[PDB]
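Quick note: the coordinates plus some simple rules give every number you see, no bench work behind them. Every residue, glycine as well, gets a Cβ built from its backbone with ideal geometry; the counts of neighbours run over all protein chains shown.
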Amino acid sequence: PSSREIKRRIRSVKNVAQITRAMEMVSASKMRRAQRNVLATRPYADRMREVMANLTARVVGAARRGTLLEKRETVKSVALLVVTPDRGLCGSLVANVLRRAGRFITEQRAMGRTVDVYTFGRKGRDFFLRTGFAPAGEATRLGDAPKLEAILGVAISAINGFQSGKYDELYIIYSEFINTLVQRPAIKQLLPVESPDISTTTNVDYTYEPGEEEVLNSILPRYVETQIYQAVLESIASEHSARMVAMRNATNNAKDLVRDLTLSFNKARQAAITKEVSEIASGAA
Amino acid sequence: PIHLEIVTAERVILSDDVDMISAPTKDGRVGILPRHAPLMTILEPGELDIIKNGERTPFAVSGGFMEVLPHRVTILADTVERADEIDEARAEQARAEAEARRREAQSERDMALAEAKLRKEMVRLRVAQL
Amino acid sequence: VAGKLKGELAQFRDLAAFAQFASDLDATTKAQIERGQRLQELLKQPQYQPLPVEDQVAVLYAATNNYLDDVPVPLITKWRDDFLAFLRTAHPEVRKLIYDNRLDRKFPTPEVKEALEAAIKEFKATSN
């Protein structure tokens, strides 16, 4: 409060506001491109979805569905895929998601199920490497636009797990995107039971060339990989939107702080001028 | 005259209408005509061929699936490549992918964003006297 | 002895920026900030309890030579105090030796380097 240190504070907060404004612009742009990527990815997932509907409308045999489509009765071991933004400043999303991981790891741990975790992101990799839940699988350095090839490194293992019996289910905790301002966390089941309303499939019939069993066994891993990829893309879009909102709020707060510091600096400036003229007049008199 | 769609987990490759599809089905190569019976096949690493008014486009596919309705064909292929282009590398598709993409699309993005975060953190330490 | 102390304290003050916000820092920076906190907690001296030159030299040698890394921060001060009691009871000759040749150009004499690292290691086994 010496009319010069306040100037330094004003300059620092103005720099903060400028950096935050730039980050908000680029987060908005990257959120737009992530939304475009999700829209581009939609047709593949949709097509394979009605393919799931039609095929599951058939091959209903439990022994036939013993491959992945089977529902483990014991559910002794479960796995959670958590996709967490890699860099912070995201706002409350990183935490909101790592909390639902807890509500789940507990409600499940409470079922006596041994909950394990495959994490997409460094933010998640840590919350759990610290908590002690070393991620059974960690995919870090995730770009705004990754390729399905990436989630494969972890999804292959989670799936090889629901096949090795090592697991009896796979849920993914990812950050949904409801409104450009809202980004509720959400959980989805990764077990490929499918079987929607017979109305959805319309019972389209095909002559499966390699065989119904072979087609199902080769298509279920691809379906769960596509689900993981869609969840990761939605998580990236929600991350960018949350960062944009957080930087907008931070820029507004920085502008308010700049206004308050400007008022304080002007008060200090007037006080300094008054003191200077008072002492000069005293010395003259 | 059948509504062919080479879709991929990343993007849609083609959505046009095609005369013939020389699909590499796992059991054996299968040709498809505008009124083919309903079908669902698994592909193997090969070179799918699209016959369009007498023009053969050899889209290499390292794997994927195929659903053939009587009216439309969908190829849920894992990866679709066009070695026929050859210049695709020199072309921005790969040439820009090398510089216009990753180099600035990602590396420059990461550098700039990290630098912004660093300047923010340093100045927020510097403002820790308010 | 105090050159390393000053350098590490300044460097910890430099990394305080990353300490306040960043949680993804590598293990090197984590151990670096941990050493900075060790050194800061070493200086939390009480009132009316001055430490002679030999005692401060011994404590700073113990801290700067990684003998204090395993001790958690909240106990370090207690550690230091206990350490001094050790040197006041178990081995006064090491304190006398440290004080006697504190003016030599190269303080970490092999004679001084031994019977002090030995004393530190002996104290480590006795306490925790």
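When the stretch A:181-218 is examined, which residues are found to be among the acidic types (D, E), more than 10 Å from every other protein chain (Cβ to nearest Cβ) and either within 30 Å of B:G28 (Cβ to Cβ) or within 16 Å of the chain's Cα centre (by Cα) (or both)? Matches in the stretch A:181-218: A:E194, A:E213.
Can you confirm whether the stretch A:92-105 contains a residue that is more than 14 Å from chain B (Cβ to nearest Cβ), closer than 19 Å to A:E234 by Cβ and assigned to a loop (DSSP other than H, G, I, E, B)? Please lay out each step first, then the result.
Going residue by residue through the stretch A:92-105, those that are more than 14 Å from chain B (Cβ to nearest Cβ) are A:92-105.
Filter once more, so that each one left must be closer than 19 Å to A:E234 by Cβ: A:92-101, A:104.
Those still in the list that are assigned to a loop (DSSP other than H, G, I, E, B) too: A:92.
Checked against the condition, which is being more than 14 Å from chain B (Cβ to nearest Cβ), closer than 19 Å to A:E234 by Cβ and assigned to a loop (DSSP other than H, G, I, E, B), the stretch A:92-105 yields at least one hit.
Of the candidates A:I228, A:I178, the single residue that is surrounded by 16 or more Cβ atoms within 10 Å (Cβ to Cβ) and either within 27 Å of the chain's Cα centre (by Cα) or within 16 Å of A:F120 (Cβ to Cβ) (or both) is A:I228.
Residues that are buried (at least 18 other Cβ atoms within 10 Å of the Cβ) and of a type in the set (A, V, I, L, M) were ranked within the stretch B:23-46; the one that is farthest from B:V61 (Cα to Cα) is B:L39.
For the stretch B:95-109, the criterion of a residue being over 23 Å from the mean Cα position of the chain (by Cα), within 14 Å of chain A (Cβ to nearest Cβ) and either in a strand (DSSP E or B) or among the charged types (D, E, K, R) (or both) is satisfied by at least one position.
Considering only the stretch A:240-247, I want to know if a residue exists there that is closer than 23 Å to A:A62 by Cβ, within 11 Å of chain B (Cβ to nearest Cβ) and buried (at least 21 other Cβ atoms within 10 Å of the Cβ). Break it down stepwise before answering.
Within the stretch A:240-247, the first condition is being closer than 23 Å to A:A62 by Cβ, and the residues that meet it are none.
No, the stretch A:240-247 has no match at all.
Of the helices (runs of 4 or more DSSP H) lying entirely inside the stretch C:3-108, the ones with 1 or more residues being closer than 30 Å to A:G124 by Cβ are found at C:27-42, C:73-89. Going by what's in this entry, would A:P135 be described as touching a residue at least 12 places away in the same chain (Cβ under 8 Å), closer than 20 Å to C:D26 by Cα and either assigned to a loop (DSSP other than H, G, I, E, B) or in contact with a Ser or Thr (Cβ under 8 Å, 6 or more places away or on another chain) (or both)? So A:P135 passes the test. When we screen B:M20, B:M40 for residues that are facing chain A (nearest Cβ under 9 Å), over 30 Å from A:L142 (Cα atoms) and within 21 Å of the chain's Cα centre (by Cα), the only hit is B:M40.
Residue-wise test of (1) touching a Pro at 6+ places or on another chain (Cβ under 9 Å); (2) of a type outside the set (G, A, S); (3) under 24 Å from A:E214 (Cα atoms).
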{"residue": "A:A34", "(1), (2), (3)": "no, no, no"}
{"residue": "A:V38", "(1), (2), (3)": "no, yes, no"}
{"residue": "A:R47", "(1), (2), (3)": "no, yes, yes"}
{"residue": "A:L55", "(1), (2), (3)": "no, yes, yes"}
{"residue": "A:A62", "(1), (2), (3)": "no, no, yes"}
{"residue": "A:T74", "(1), (2), (3)": "no, yes, no"}
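Contact map, the stretch C:1-27: first residue farther than 21 Å from C:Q56 by Cβ, second residue among the hydroxyl-bearing types (S, T, Y), Cβ cut-off under 8 Å, separation 6 or more or different chains; pairs are C:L15/C:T29; C:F18/C:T29.
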